[PDB]
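So the structure is just underneath, and the comments pick up after that.
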Amino acid sequence: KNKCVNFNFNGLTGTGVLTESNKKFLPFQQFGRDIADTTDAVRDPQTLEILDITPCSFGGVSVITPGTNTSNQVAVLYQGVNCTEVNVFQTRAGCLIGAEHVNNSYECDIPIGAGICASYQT
Amino acid sequence: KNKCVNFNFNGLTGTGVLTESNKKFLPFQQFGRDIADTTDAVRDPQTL
Amino acid sequence: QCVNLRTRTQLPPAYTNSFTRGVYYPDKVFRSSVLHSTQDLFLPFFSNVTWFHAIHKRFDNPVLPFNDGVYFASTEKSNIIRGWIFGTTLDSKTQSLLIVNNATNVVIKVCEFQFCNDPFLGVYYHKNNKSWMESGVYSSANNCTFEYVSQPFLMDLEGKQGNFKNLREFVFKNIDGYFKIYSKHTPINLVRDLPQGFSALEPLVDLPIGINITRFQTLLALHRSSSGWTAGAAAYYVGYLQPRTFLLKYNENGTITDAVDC
Amino acid sequence: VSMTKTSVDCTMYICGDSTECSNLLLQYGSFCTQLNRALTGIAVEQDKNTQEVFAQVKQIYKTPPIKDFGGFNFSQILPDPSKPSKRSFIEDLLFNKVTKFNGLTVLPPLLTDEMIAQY
Amino acid sequence: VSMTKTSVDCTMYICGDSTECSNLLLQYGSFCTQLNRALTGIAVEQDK
Amino acid sequence: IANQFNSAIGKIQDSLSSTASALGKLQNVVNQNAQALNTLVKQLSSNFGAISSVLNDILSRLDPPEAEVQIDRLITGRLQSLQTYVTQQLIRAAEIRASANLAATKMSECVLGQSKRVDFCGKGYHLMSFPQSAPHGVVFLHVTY
Amino acid sequence: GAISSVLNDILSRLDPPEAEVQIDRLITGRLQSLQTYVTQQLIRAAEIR
Amino acid sequence: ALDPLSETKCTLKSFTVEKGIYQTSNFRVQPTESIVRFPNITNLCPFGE
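In C-alpha cells form, the structure reads like this:
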C-alpha cells in the first residue's frame, strides 16, 4: 500500500496506488467504477477488505528561464504534484525547484499559475 | 402500392413507397435514379 | 411415478400486474450516488405475469418454457415450493438439471434423470416423528456431470393456511453456458396479487454448466398421514424476460433504490 | 469570461503504458504534438481574457472608513473584511449558486479569486 | 440573422435501416450523440 | 433617489438567493467542459472494431502481427476522439473570447465612463454601473434612469 | 475502398466475416463526412452569431 | 538529455531561447512492484485416487 504498483486481480488488472478506504462494498461486489466508467476501488480476494485505487502521480514538466542572452540559470516546475523525487517550494500549481521564495511582492514577469510569477534578479 | 414495404425487384433491394410512375422513360430503361444515385423507380420484370 | 396424482386439476391462465418487480444487479460492480444505464434482460414494468395456485383438489405443476429467462416470486407461508426442473427433454434421453432444497442445503445435480408423469417431494409417515423434512421425484440417474451444495440453513414444510406473510423472489437465466441465479428474501402483507413497491435482487451463484435449456417445472411438498398424496396450499408467479434498456439508481452505500424502463 | 484550462498527454491517453502502442504511434507523425499546441494556446487566452476585463486600472484604490455618500449604501457590493476572502455579500452569493488519470490534467488559472476581487 | 435549421440522424445516414451496420456502430462510441448535440445547439441559436 | 437605489439593491439579493437559473450562462460553461471530458474518457472503453478495448487483453491473447493490426484500430479511434475534443474547445474558446472582449468593452464604456449607447449598459438612460466578480465570469449592475 | 457503395448489395452478397471488413470501410468514410459537415456548420454559425 | 535547458532547445528546435515558460516533457511515476492477487486455490481434486 501507499506505493505505485501494478495490479493483477482475479478478473481485473491495471496500475496505480492502493490504499485502505471507508467504502461499504456488498458481500458479492468485487470492485467499483466511477461516473466515467473507470475503476477506483477493489475488494481483495483473499481478505474481505475494500481498497481504493489512487492513480500514480503524473504531470507536465515546464521550465522557468529568462532569455538565453541574459544567462543559462533555469528553474523547473512539476505541474500538479507534491515534492516526491527530492531550493524547493510547494505551490498550488506544483513543486517548484530551482527558484527562491520571497515574502515581498513585485510585478509579474514570467507567469506560473495561482498568483505566482518569476523573474531573474539579485 | 402506396405502402411502406420491402421488395426485391430482380435484385433491386430496398424499402419504400411503391406507386405508379407519372414520368417518361426510355424503351431500354430498367429503372431511374435521383441526384443522390439512389434507386428512384423500377420496372417490374414480369409487367414492364 | 406414472400414475397421475388424485389432486391433479388444470387451473386456467390467469394474469396480473407487476409494479417494478424483476430488477436485479446485472454485475458485481459497486457504484455510489450515480445513475447508470444497462442493456440486459429484465421484466418490463406493468406487464402481464401468469398466476398459479395450490390448495389441499387443485394441484398446479405443469411444464413451462425457458425461451429467454424467467422470473419467480414464490409467495410462501410454509415453504411448500421446494425445487425446479430444467432442461430440454426433461428425461433420461439427454442431460438435465435439478435444484432441490432438502430443508438443509440447496442440493444441485446434473444427470440424465428419469422422468415421471408428476414428480414431487414425498413426505410420508406423519404418524410418528413427522419432522417436516425429506423422505417420487425420479427413479434413475446416469452420467452425472456436476454437483453443488450451498451454505447451511433450515426450512420447514409445516402446513399453514390463510394469507401470506413472506415472499422469496428468484431469477433464472443461462447465458453462454453460465447458469446465473439472483434472489432475496423479504416479508410482505399479501393483500393483493403482488405489492406495489421496489426492491433489488442480489446474485446467489453462477454455475458453468454448459447445456441448452428450453423448459422448466416446479417441485412442491406433499404430506401424507402417487395417488395417495395430500396437496399443498401455495401460490407462485411466473414471468419471462426481454432485452430492454434500463436505468439504475445507486445510493451512497451501493444499494439500488429505484429504476426506470427506457 | 474564461474557460477551464486543460491539458491532455496525447501519448498517455492513447498508449496507457504500452511501448508497443508508442512505437506504432510514432508512425503517425506530429499529430501528438499539434494537439498540445492548440490546448496550450487556448489556456493562454483564458488568462488574457481575464486581464483585458479586470486589469483596467494601473493602481489599486481603497475604500475610506467614513462612508458618507449622500445616503447611498454600497455595503452589499463593497468587500466584507470579516470574511477570509475579502469579497462582498453579492460576490459570495454568486459563488455559492455555481458548482483524472488518463493523461487528463487541469491547469489552474493565473489570477486567483482573491486577486479578482481586489480589482 | 439566422440560418436554416438541420437535424441528421447518424444511423439512417450511415446505416440505411440495417441492424448489422447499427450493431457495428455501437462499438465506435458516442460519436453519434455528440453530432446530434452540436446540430441541436446550432438550431437553438438561430431562434435566439 | 437614494432610497430608490438602496431598495433596488435589496431586490437583487432576493433574486440571486432564490433563483437558480439566473446564472445559466456560467453554469453552461462548466457543464460543457465536464461533458467533453467525460465523453473523452468513455471512448476509451470503445473497441473501434477490435476484439477488445484494453491493450493488455489484446497483447495477452494475440500474436504481435495480429495485435498490431487491431491496436491500429484503437489508435485510429482514440486519435479522432482527441481531434473531436480539441476542435470543439477551439470553437468554445472563440465564443468565450467574444464574450470576454464584450465584457472588457463594457467595463470601459459603462463603468469607467457614462455611455450614450442604448441597451448596452442596461435598459434606459445609463447613469453608472458597478462590476461584481463570479466564477469564470463577471456581473454588471447597471444603474439606469 | 470497398467493393460497392451500397449497403444491401454487400448484405445480400457477402457473408458477415467478409462483409464486416467492407462495412467498416463505409462507416469510416461516412462518419468523417458528418464530422466535416458538423464542424463547418459550427464555424458558419459563429459568423451568423 | 544533459539538462532541462537543453530539452527546451530540442523542443523549440532553436539553439537560442527567449524568456518565458516552456513545456518540455511529461513526468510520470514508474511503478516499483507488481502485485498479483487471486482467491485461495483450495478445493483440489484428489488425483491420488
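Those protein sequence lines, which keep their order, are chains U, S, F, W, E, G, C and X. When the letters of the first sequence are read in order and numbered with the authors' numbering, they come out as residues 535 to 620, 641 to 676. Under the authors' numbering, the first residue of the second sequence is numbered 535, with each subsequent residue one higher. When the letters of the third sequence are read in order and numbered with the authors' numbering, they come out as residues 14 to 69, 77 to 155, 158 to 247, 255 to 291. When the letters of the fourth sequence are read in order and numbered with the authors' numbering, they come out as residues 729 to 827, 854 to 873. Under the authors' numbering, the first residue of the fifth sequence is numbered 729, with each subsequent residue one higher. Under the authors' numbering, the first residue of the sixth sequence is numbered 923, with each subsequent residue one higher. Under the authors' numbering, the first residue of the seventh sequence is numbered 971, with each subsequent residue one higher. Under the authors' numbering, the first residue of the eighth sequence is numbered 292, with each subsequent residue one higher. The beta-carbon is built from N, C-alpha and C at its ideal position, and this holds for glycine as well.
Exercise. Are the C-beta atoms of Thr1009(C) and some chain G residue less than 8 Å apart?
Worked result: yes
For this session: Let me know if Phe559(S) comes out buried or exposed under the rule of 16 or more other beta-carbons within 10 Å of its beta-carbon.
Result: exposed
Problem set entry | chain F residues whose Cβ lies nearer than 7 Å to that of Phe562(U) | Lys41, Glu224 and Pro225
Exercise. Which residues in the same chain as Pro862(W) place their Cβ atom closer than 8 Å to its Cβ, once the five residues preceding and following it in sequence are excluded?
Worked result: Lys733
Problem set entry | Interface flag, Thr547(S) vs chain C, CB-CB below 8 Å | yes
Exercise. So the alpha helix (DSSP H) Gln1002(G) belongs to, where does it begin and stop?
Worked result: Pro986 to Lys1028
Exercise. Taking the beta strand (DSSP E) that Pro1053(G) falls in, what are its first and last residues?
Worked result: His1048 to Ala1056
Problem set entry | chain G residues whose Cβ lies nearer than 7 Å to that of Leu1012(C) | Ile1013
Problem set entry | 8 Å Cβ cutoff met for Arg78(F) and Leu241(F) | no
Exercise. Would a check of beta-carbon distances place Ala1025(G) closer than 8 Å to chain C?
Worked result: no
Exercise. Using a beta-carbon distance cut-off of less than 8 Å, what residues from the segment 732–762 of chain W approach chain G?
Worked result: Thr732, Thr734, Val736, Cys738, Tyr741, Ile742, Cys743, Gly744, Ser746, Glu748, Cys749, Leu752, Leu753, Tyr756 and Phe759
For this session: Could you check the C-alpha separation between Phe306(X) and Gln755(W) for me, to the nearest Å?
Result: 27 Å
Exercise. What does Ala668(U) reach in chain B if we use C-beta pairs closer than 7 Å?
Worked result: Of the protein chains in this structure, namely U, S, F, W, E, G, C and X, none is chain B.
Problem set entry | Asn61(F), DSSP secondary structure in three states | coil
Exercise. Which chain C residues sit within Cβ distance under 7 Å of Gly971(G)?
Worked result: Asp994
Exercise. Is the Cβ of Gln644(U) closer than 8 Å to any Cβ of chain W?
Worked result: no
For this session: For the beta strand (DSSP E) holding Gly769(E), just list the boundary residues, first then last.
Result: No beta strand (DSSP E) holds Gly769(E); the alpha helix (DSSP H) holding it covers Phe759 to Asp775.
Exercise. Taking one C-beta from the segment 219–234 of chain F and one from the segment 34–50 of chain F each time, how about it: are there three or more such pairs within less than 8 Å?
Worked result: yes
Exercise. Cβ atoms of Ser591(U) and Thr315(X): under 8 Å apart, would you say?
Worked result: no
Exercise. Run through DSSP, which three-state label would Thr791(W) get?
Worked result: coil
For this session: Spell out whether any CB of chain X is found under 8 Å from the CB atom of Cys662(U).
Result: no
For this session: May I ask you to report which of helix, strand or coil DSSP gives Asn542(S)?
Result: strand
Problem set entry | Closer than 8 Å to chain W by CB, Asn317(X) | yes
Exercise. Which runs of the beta strand (DSSP E), 3 residues or longer, sit entirely within the segment 80–104 of chain F?
Worked result: 90–96
For this session: State yes or no: is the beta carbon of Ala1016(C) nearer than 8 Å to at least one beta carbon in chain G?
Result: yes
Exercise. Is DSSP giving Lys933(G) helix, strand or coil here?
Worked result: helix
Exercise. What does DSSP give as the partner residues of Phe194(F) in its beta bridges?
Worked result: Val90(F) and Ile203(F)
For this session: Taking C-beta pairs closer than 7 Å, name the residues in chain F that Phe543(U) reaches, listed in chain order.
Result: In chain order: nothing, as chain F lies at least about 12 Å away.
Exercise. Which one or two residues does DSSP pair with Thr167(F) in a beta bridge?
Worked result: Answer is none; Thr167(F) lacks a bridge partner.
Exercise. Could you give the residue range of the beta strand (DSSP E) that holds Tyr756(E)?
Worked result: From DSSP, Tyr756(E) is part of no beta strand (DSSP E); its letter is neither H nor E.
Exercise. Do the segment 649–656 of chain U and the segment 597–615 of chain U make contact, defined as three or more Cβ pairs closer than 8 Å?
Worked result: yes
For this session: Could you check the C-alpha separation between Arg237(F) and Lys195(F) for me, to the nearest Å?
Result: 11 Å
Exercise. Could one say the Cβ of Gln787(W) lies closer than 8 Å to chain G's Cβ atoms, at least one of them?
Worked result: no
Problem set entry | Which residues DSSP lists as bridging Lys129(F), in chain order | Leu118(F) and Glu169(F)
Exercise. Any beta-carbon of chain S closer than 8 Å to the one on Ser982(C)?
Worked result: yes
For this session: Answer yes or no: do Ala1015(G) and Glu773(W) have a C-beta to C-beta separation smaller than 8 Å?
Result: yes
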